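Participant: The listed protein sequences correspond, in order, to chains F, D, H, G, C and K. Residue numbers 39 to 216, 225 to 506, in PDB author numbering, belong to the letters of the first sequence in order. Residue numbers 39 to 216, 225 to 506, in PDB author numbering, belong to the letters of the second sequence in order. Residue numbers 58 to 226, in PDB author numbering, belong to the letters of the third sequence in order. Residue numbers 199 to 216, in PDB author numbering, belong to the letters of the fourth sequence in order. Residue numbers 17 to 616, in PDB author numbering, belong to the letters of the fifth sequence in order. Residue numbers 60 to 116, in PDB author numbering, belong to the letters of the sixth sequence in order. This is the structure I have questions about; it appears just below.
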Amino acid sequence: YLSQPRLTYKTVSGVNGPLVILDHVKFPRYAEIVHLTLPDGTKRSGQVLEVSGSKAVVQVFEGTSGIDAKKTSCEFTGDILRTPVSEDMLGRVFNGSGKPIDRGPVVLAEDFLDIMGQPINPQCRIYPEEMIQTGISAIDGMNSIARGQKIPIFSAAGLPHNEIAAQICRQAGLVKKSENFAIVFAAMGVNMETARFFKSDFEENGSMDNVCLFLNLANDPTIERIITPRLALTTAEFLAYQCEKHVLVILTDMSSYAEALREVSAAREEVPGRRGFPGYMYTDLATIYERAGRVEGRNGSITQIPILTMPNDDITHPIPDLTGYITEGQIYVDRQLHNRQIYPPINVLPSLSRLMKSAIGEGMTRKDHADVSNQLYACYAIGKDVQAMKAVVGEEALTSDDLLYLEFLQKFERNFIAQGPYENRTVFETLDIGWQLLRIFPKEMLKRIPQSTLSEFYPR
Amino acid sequence: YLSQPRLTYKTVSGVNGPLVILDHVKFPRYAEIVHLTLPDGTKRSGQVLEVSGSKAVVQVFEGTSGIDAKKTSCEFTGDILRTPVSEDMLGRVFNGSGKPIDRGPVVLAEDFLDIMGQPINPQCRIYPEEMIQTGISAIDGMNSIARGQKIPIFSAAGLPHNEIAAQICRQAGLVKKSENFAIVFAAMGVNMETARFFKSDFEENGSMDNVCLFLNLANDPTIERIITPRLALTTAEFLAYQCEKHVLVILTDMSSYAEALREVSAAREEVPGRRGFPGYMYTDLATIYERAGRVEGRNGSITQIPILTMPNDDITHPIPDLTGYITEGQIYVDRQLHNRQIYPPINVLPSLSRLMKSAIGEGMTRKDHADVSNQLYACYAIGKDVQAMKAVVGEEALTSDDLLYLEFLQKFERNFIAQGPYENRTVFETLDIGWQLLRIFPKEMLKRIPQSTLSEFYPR
Amino acid sequence: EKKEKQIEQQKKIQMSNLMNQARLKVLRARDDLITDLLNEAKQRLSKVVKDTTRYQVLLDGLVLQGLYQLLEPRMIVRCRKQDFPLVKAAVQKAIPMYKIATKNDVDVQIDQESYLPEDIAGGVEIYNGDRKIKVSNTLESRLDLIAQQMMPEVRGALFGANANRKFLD
Amino acid sequence: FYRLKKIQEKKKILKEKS
Amino acid sequence: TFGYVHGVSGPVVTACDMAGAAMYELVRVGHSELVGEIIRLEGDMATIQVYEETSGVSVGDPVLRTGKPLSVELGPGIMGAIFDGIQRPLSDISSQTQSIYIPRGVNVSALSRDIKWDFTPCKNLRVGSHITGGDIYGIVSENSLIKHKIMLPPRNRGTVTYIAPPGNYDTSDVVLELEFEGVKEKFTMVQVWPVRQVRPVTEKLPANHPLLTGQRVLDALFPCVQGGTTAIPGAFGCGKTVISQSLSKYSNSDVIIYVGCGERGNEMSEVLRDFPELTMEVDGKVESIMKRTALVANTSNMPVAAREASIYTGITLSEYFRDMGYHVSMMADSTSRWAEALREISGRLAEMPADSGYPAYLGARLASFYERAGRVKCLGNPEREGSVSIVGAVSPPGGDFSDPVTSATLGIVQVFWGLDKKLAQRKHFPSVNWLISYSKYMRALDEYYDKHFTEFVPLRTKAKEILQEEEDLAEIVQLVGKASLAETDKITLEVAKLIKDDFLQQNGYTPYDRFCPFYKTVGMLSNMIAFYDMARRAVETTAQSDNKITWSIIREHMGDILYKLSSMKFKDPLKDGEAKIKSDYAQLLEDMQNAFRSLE
Amino acid sequence: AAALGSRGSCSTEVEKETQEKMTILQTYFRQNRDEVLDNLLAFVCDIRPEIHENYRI
Ligand SMILES: Nc1ncnc2c1ncn2[C@@H]1O[C@H](COP(=O)(O)OP(=O)(O)O)[C@@H](O)[C@H]1O
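The structure is reproduced here in structure tokens:
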């Protein structure tokens, strides 16, 4: 315990930007938490960003509008930001800073946990190998997901990434060859339509006693978007590595998190990277994405599914580019398929899942999964090549096989990808559809499938 | 003779990067040399970059690792860096700061010479008109080099600029109408196998008796590269203007030298130039490049062949740009010609030699040299401009003579440029091959050759 | 004959290596001679030190030459233990000559706790008040400082001039 | 832009602390 | 001896009362005693970079000067282990803490003082022998694969006055004692070496032997050598980590050091799970390949300042084993993370950037790190020969190879394996570009190929020429269609497609294509260039004649042969063996020759 | 065989003219060391105190 009284200073030396500077502090501690009371009584909270001698540099979460250097009173807590964590947090709604916004009491804490976490010893991990069956053939059959993976959704503005997320949430479960997820939802900078959508969808298509929401909207403090995913992930780690549950974390618009991060970085004149983002954006996103997996000796897990919006549909922008270097795959949501009224509009060529090879195969899904997947990839790429050759050389300059590829393209985009928003395809149905699509070609064009697989699965 | 005792200060007041700052210095002299003794007993050397009052700012050639601020002793010399110089320096191998590295004694000095040079009256110079026959057609035929010039080799990463440099060094002589070059060779930041290549190439062709080497490898201190091209150019000036011999100076990686310059300028918090390089890099490279030529009354010369590597094959980078404003031309090593197995891959369109017009012609090489060179250049340019749109719009829309330029392209890049790494062509063989190539075109298409020359050389 | 020249190459490289080693041998011999000359100079100096009548004048010169280099209000002289009666007289003589040509005051103390190593040839060392700035007016130091500048002249006088050097400028 | 802002910041640090 | 903390910002502490503290010296910061290095001095103050998290460090905390630089311990107990940048054994932290984390400031020796090793001396050394730095004076049997030669530290000398008999000793017993100039040294099995000083050698020799990966490409077209330097730049999802891990599993090196510098933590659990199952055959006995591997992991959410200390920790373990006479390979995964750590630390110091934010001394660090790879004659009296290869992955932001780190590295390394995202999205793996990649060791390996395979360099130059002509044909076909084409061009295109799809492509997660020996590579290339020669000759010798054997005739005639040429890659090197594979490849050739007699 | 023959004789001839050069060096040195020793010892034993010319009295 901390049994000594707290010190309160009215010694503010200067306000500038989002940063307050205090002097005459007694042994300032780095990353400490401060409670400021303004001249009109309102209360704000900040975190120490730098100490030097008797000076401390606090960064206020709500902003510095109205603070003066004669009457604002700051009280130092004596410790880093610890959040109160319990198991009743399931079935509750908080804001981006952890206060209740559902007319209930505050959390009666089972523990107080530091929200920065602790990197997990790489020797105490378990490689994730149990495949989640999301019921979406574009993910199950070609970009399979294991339980413990971190795999974001790369979308843009105006596309249906929210419905894809909610469908994954309400359909997901293990594969049945012969109990449920606890959702933790954090939204950073969403509008009221999105929060309404998610709240309505959780308490209708399932149960709301297994969800914990952290809602930070678009008219809320910007600098408090920096601690919202860390509150969400501390709750997730308590529920998973101490109470031994299977958690699914949904972090919505990491783009707004990255933009709040850029704003705080530019506020105090740090070295930029590409397009103005701080040079430490990789090391900062990695402290969020890397809190997801399994450990040795405990029967919980954490599956993360961030949601992105790529500016101008560009995948080379710093946000998707740095996200793809950290996470174990990505699910790419395409605009060209949305304009053709296709759902789900998932483009499988820029998609990837890095834990698929260890989660599919004999005894896991079925012996032929990997070959069907690779052959569908090859055929889809060659079909998209032919489709662009014919835009130059015309419809009547193609061969007999180019038309086979152009038929595969249509039947693939309309039968395999296109699914319908409440349809739950077991992975064996997905593989059967894949084989029905591969039988368009003679078995000599399928040059990625070994012969002993074509002898057993191609004629049927 | 400086006979007063030297002063030794234990008054270090800052270490930062390559620089050490001292206080309480008595009448600090600028550009002075300082000898530093570390706590364990090792010794380093530095040079004073700035004095102000009692302060002095030394740059240490061997780094600032292990240096503390209480027990390091700095002894001030009282003089600027004067290097010992002698004629025994031929046949010896030194490191980037002039210490023997071949199991030999230290240089017993014939003289002590200031390494910044001594300005040469522009009225006492001589204009260079003696052509150097390097035995390479792309240089001899179209970019001739006079004895006393300064002409660099603009190269890139992964290209064979060391092979071209060594072949020039091995084959260089005067144009035979009826002794030879001493060689000084400075290497700034090369790897071990480049130095091995050059040493083996020099001593396998009986030259080593007449070669002085200064070697700064990539495992050596970085701040030595600042004085390395100036000890190599102070020997070359003693040999040429006092011992009266013809010297050939090679300076390998003039890009590493500029990177060390930028590294010292960035530690001094100076207003940067373009890409971060110092704002005085032009005036700095010009004090290196302009130590070359012949002077009146003395029968010695200095030819300079620096060797750059352009970053990203970019010729508008600060280093190639500023080098072009100072030297008399450039030899351009191309990557597109390298990837098609052409050696030497010299692209003659951006290559230039500004002292060629006065070193060739009747009574020096042959009366048809300039016209053949001009017509070959014009034909190559027209052929490239043809080949562009031939690849773009229509292999059959080519005119009847727009196919002669393409055949000229092929035969010129395979027969004139492509030479062989040990082949020594005369100038007249080069000119004969040029005529064999010009005979592709009917004599009406050679507009850049006078009639008197066409009448005498075309019909054979 | 391609293999004939393949072995001609080895003959070439071996001749080059032999010539290089011979050059380095002669250079090392000349270096050895210079080192013997410097050692004999050290012996001559050590023979001079025993002549107390001349050592007194040498010390008079050395102390003032160090004082004129430091130019501090308080200075400290470090000598050998056996040299103390002479450096005391040297300091006592050199203080007024320093006050005349500088017009200021000075306090010079002789460090009697720490002495120079007794194996040195001779000389003194001068320190400032807080012993952060130091001049080393010993005979080893002076001989090494002066001998290294006369190396062109020593080479010319010992091994003759170079007949290839046409211009001395 | 960043380099010039750094130069100006160092100017206005020196002049005030000195 | 004790300073105090004066400021904290990020990973950078500023401590006062640090008068006689040298540059790059280890200190201990705070009450948890975090480890840090001094990187600036001004007066009595020092600037320290800390290899741990500084959250909660107050002002006035103690700072303890150790008087030594960052160094590693080198003894028996390194093989099969996993460390972090500071060289802390992650399998003893996991067992003394009984937790799933790494406590801040935890102190545990790198090598255990409990295990007893089997030590046998050199049998020629007796009391009185003159021994110098580098001499192997004993051998400890570490495991079934690796013999651990015990060398004298590189800066010691003297005459033996004691040398222990064979027996079982732990790494705190005196195994040697020797006298020099009247003083005595006692030496145990463990020595200590500063990670920033290069271990000395006798001489650096040229590289004359191949570093055999398991990939058809990178062995045929862009070979590395034993003692070379390689860079693998690519965007995300291209295959840098899979190439690195296959190279570390199937190469011909004696020791493997794997540095994971700022990358995924689930990519070190794939190594600690896969490797104890893979084995190799030596004397009939099988031994797992984890008995000769050491990992150094500093994942992407671990402290940012310890990404530097990681790199130097690996290259100093590669040099300790090379000095024994082994051939080591060192995989540095994303040196770009080391560059990013350097930029972060340089930003906390308010330094002037050089290019895109990076410090002006980035290229110097990169060059002096890559200049530690090579083949060497080892320091010490028994004549050995060792080697250290470095394979460094680069992660250019946006896939742009024109970024500062890629530009800095490509001017240092001699091999360049450039990966392409276009080939990665079609699942064409490995995604090497084959049009921008190169190897500067292709002339140094002529002797080896002539003496050992002797039919390969022709095949290689022919295949490179085919692939180079196909790209000239393709940019024309893209604009004027595939109808202006001669018959030899129609043959070049199809042969290049066959090569690209069934030679260069190699799915490494299959039982047949996880590894491909060099005899299988040369056999496939032989059978694929023979068809090219036959088809071109047939289309060319009957050109002016009225019969006009064209590509469509060759294609409808041999549709049974092209399928076999494409399926040549499905032959297991383990279930079929060498003789069966060679016989099948020799029979497919006769089938091709008879089928080509059939149409003339 | 001819190479293995010449390899040693060339080395002995070079080692002959090396010794010739070294005897020339020593006979040059014997006849000149005393004058240069006098010059050196007179330069060393001639002290002239001096103040910096930039010193303001
Ligand atoms: N040679 C290969 N064979 C099969 N699959 C591969 C191969 N190379 C890469 N992959 C697949 O592509 C993905 C690339 O990931 P990785 O190798 O980590 O590249 P990076 O390190 O650049 O992110 C892997 O998850 C793997 O599934």
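Think of the CB as a built atom: it goes at the ideal place given N, C-alpha and C, for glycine as much as any other residue.
I'd like to know if the segment 105–116 of chain C and the segment 153–161 of chain C are in contact, where contact means that at least 3 CB-CB pairs between them fall below 8 Å.
Facilitator: The segment 105–116 of chain C, when compared against the segment 153–161 of chain C, does not touch it at the 8 Å Cβ threshold.
Participant: Between the C-alpha atoms of D:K137 and C:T537, what's the straight-line distance to the nearest angstrom?
Facilitator: Sequence index remark: in the second sequence, residue 137 of chain D carries index 99 (1-based). Sequence index remark: in the fifth sequence, residue 537 of chain C carries index 521 (1-based). Each residue's Cα considered, the two are about 51 Å apart.
Participant: Note down the Cα distance separating residue 3 of chain C from C:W209, rounded to an integer number of angstroms.
Facilitator: Past the boundaries of the shown model lies residue 3 of chain C; chain C is included only from 17 to 616, so the question cannot be answered.
Participant: If you check the beta carbons only, do C:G330 and C:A348 fall under 8 Å apart?
Facilitator: Position 314 of the fifth sequence holds residue 330 of chain C. Position 332 of the fifth sequence holds residue 348 of chain C. Closer than 8 Å, so yes.
Participant: Do C:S411 and C:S350 have their C-beta atoms within less than 8 Å of each other?
Facilitator: Residue 411 of chain C sits at position 395 when you count from the first residue of the fifth sequence. Residue 350 of chain C sits at position 334 when you count from the first residue of the fifth sequence. Cβ distance < 8 Å, so C:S411 and C:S350 count as in contact.
Participant: Helix, strand or coil: how does DSSP classify C:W567 here?
Facilitator: Start at 1 with the first residue of the fifth sequence, and residue 567 of chain C comes out as number 551. Here C:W567 sits in helix by DSSP.
Participant: Please classify F:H73: does DSSP put it in a helix, a strand, or coil?
Facilitator: Indexing the first sequence from 1 puts residue 73 of chain F at position 35. Looking at F:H73 - three-state DSSP - the assignment turns out to be strand.
Participant: Quick check: the segment 178–195 of chain H against the segment 118–137 of chain H, are there 3 or more CB pairs under 8 Å?
Facilitator: Touching, per the Cβ criterion.
Participant: Do you know how far the Cα of F:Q382 is from the Cα of F:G370?
Facilitator: Residue numbering aside, residue 370 of chain F sits at position 324 when the first sequence is read from its first letter. Residue numbering aside, residue 382 of chain F sits at position 336 when the first sequence is read from its first letter. The alpha-carbon atoms of F:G370 and F:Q382 are separated by roughly 22 Å.
Participant: D:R276: buried (16+ other C-beta within 10 angstroms of its C-beta) or exposed?
Facilitator: Residue 276 of chain D sits at position 230 when you count from the first residue of the second sequence. Result: buried.
Participant: Could you check the C-alpha separation between C:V217 and H:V211 for me, to the nearest Å?
Facilitator: For the purposes of this step, residue 217 of chain C is taken as residue 201 along the fifth sequence, with counting starting at 1. For the purposes of this step, residue 211 of chain H is taken as residue 154 along the third sequence, with counting starting at 1. About 39 Å.
Participant: Would D:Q376 and D:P267 be called neighbours here (beta carbons separated by less than 8 Å)?
Facilitator: Indexing the second sequence from 1 puts residue 376 of chain D at position 330. Indexing the second sequence from 1 puts residue 267 of chain D at position 221. Against a cut-off of 8 Å, the Cβ pair of D:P267 and D:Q376 comes out as no contact.
Participant: So which of F:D478, F:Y451, F:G104, F:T476 has the shortest CA-CA distance to F:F487?
Facilitator: Here residue 487 of chain F corresponds to residue number 441 of the first sequence, with the count starting at 1. For F:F487, the nearest C-alpha among the options comes from F:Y451.
Participant: With a threshold of 8 Å on Cβ separation, who are the neighbours of C:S25 within its own chain once the five nearest residues in sequence on each side are excluded?
Facilitator: Sequence index remark: in the fifth sequence, residue 25 of chain C carries index 9 (1-based). For C:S25, where only same-chain residues beyond five positions count, the Cβ hits under 8 Å are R364.
Participant: Give a yes or no on whether 8 Å exceeds the smallest Cβ distance from residue 32 of chain D to chain C.
Facilitator: Here chain D has residues from 39 to 506 only, and residue 32 of chain D is not among them.
Participant: Quick one: list the residues of chain K neighbouring D:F114, beta-carbon separation under 9 Å, in chain order.
Facilitator: Looking up residue 114 of chain D in the second sequence gives position 76. Those within 9 Å of D:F114 in chain K number zero; the least Cβ separation is about 12 Å.
Participant: Cβ closer than 9 Å: which chain D residues qualify as neighbours of H:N77?
Facilitator: Sequence index remark: in the third sequence, residue 77 of chain H carries index 20 (1-based). Within chain D, the residues near H:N77 are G129, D140, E249, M254, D255.
Participant: Exposed or buried, which one is D:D126 when buried takes at least 16 other CB atoms within 10 Å?
Facilitator: Sequence index remark: in the second sequence, residue 126 of chain D carries index 88 (1-based). Result: buried.
Participant: With a threshold of 8 Å, are at least 3 pairs of Cβ atoms found where one atom belongs to the segment 370–381 of chain C and the other to the segment 230–247 of chain C?
Facilitator: Verdict: no, contact absent.
Participant: Return yes when the C-beta of F:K403 is under 7 Å from any heavy atom of ligand 1, and no when it is not.
Facilitator: By 1-based counting over the first sequence, the position of residue 403 of chain F is 357. Yes.
Participant: What in chain G is Cβ-close to D:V394, meaning under 7 Å?
Facilitator: Your numbering for residue 394 of chain D matches position 348 in the second sequence. None at all; the shortest Cβ gap to chain G is about 39 Å.
Participant: Run the Cβ filter for me: residues under 6 Å from any heavy atom of ligand 1, listed in the order they occur in the chain.
Facilitator: The answer, residue by residue, is F:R400, F:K403, C:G250, C:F252, C:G253, C:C254, C:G255, C:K256, C:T257, C:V258, C:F445, C:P446, C:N523, C:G524, C:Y525.
Participant: Can you tell me the Cβ-Cβ gap for C:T295 and C:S304, rounded? I've got them flagged as a contact below 8 Å.
Facilitator: What you label residue 295 of chain C is simply residue 279 of the fifth sequence in a count that begins at 1. What you label residue 304 of chain C is simply residue 288 of the fifth sequence in a count that begins at 1. Right, the Cβ-Cβ distance comes to about 5 Å (below 8 Å), so this counts as a contact.
Participant: Which of helix, strand or coil does DSSP assign to C:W450?
Facilitator: As a first step, residue 450 of chain C must be located in the fifth sequence, where it is residue number 434. C:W450 falls in the coil class under three-state DSSP.
Participant: For residue 223 of chain F, return the contacting residues in chain C, with the cut-off set at a CB-CB distance below 9 Å.
Facilitator: For residue 223 of chain F, no position is available: the coordinates of chain F end at 216 and pick up again at 225.
Participant: According to DSSP, is C:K265 part of a helix, a strand, or is it coil?
Facilitator: Taking the fifth sequence and counting its residues from 1, one reaches residue 265 of chain C at position 249. Reduced to three states, the DSSP call for C:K265 is helix.
Participant: D:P364: which of D:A405, D:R308, D:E342, D:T411 sits nearest, CA to CA?
Facilitator: Taking the second sequence and counting its residues from 1, the one referred to as residue 364 of chain D is at position 318. Nearest C-alpha to D:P364: D:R308.
Participant: In its own chain, which residues sit with a C-beta less than 6 Å from the C-beta of F:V131, not counting the 5 before and 5 after it?
Facilitator: Here the question's residue 131 of chain F lines up with position 93 in the first sequence. If we look at F:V131 and ignore the five residues flanking it on each side, its Cβ neighbours are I139, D140, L259.
Participant: Kindly say whether C:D517, judged by its beta-carbon, lies nearer than 8 Å to any beta-carbon of chain F.
Facilitator: What you label residue 517 of chain C is simply residue 501 of the fifth sequence in a count that begins at 1. Output row for C:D517: interface = yes.
Participant: Mind reading off the beta-carbon distance from residue 13 of chain C to C:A37? Whole number of angstroms is fine, and I expect it under 8 Å.
Facilitator: Residue numbering for chain C in the displayed model covers 17 to 616; residue 13 of chain C lies beyond these limits and cannot be assessed.
Participant: Three-state secondary structure (DSSP) at D:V86?
Facilitator: Translated into positions along the second sequence, residue 86 of chain D becomes position 48. Strand, per DSSP.
Participant: Listed in chain order, which residues of the segment 20–53 of chain C have Cβ atoms closer than 9 Å to some Cβ of chain D?
Facilitator: Those residues of the segment 20–53 of chain C that come within reach of chain D (Cβ to Cβ, closer than 9 Å) are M34, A35, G36, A37, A38, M39, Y40, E41.
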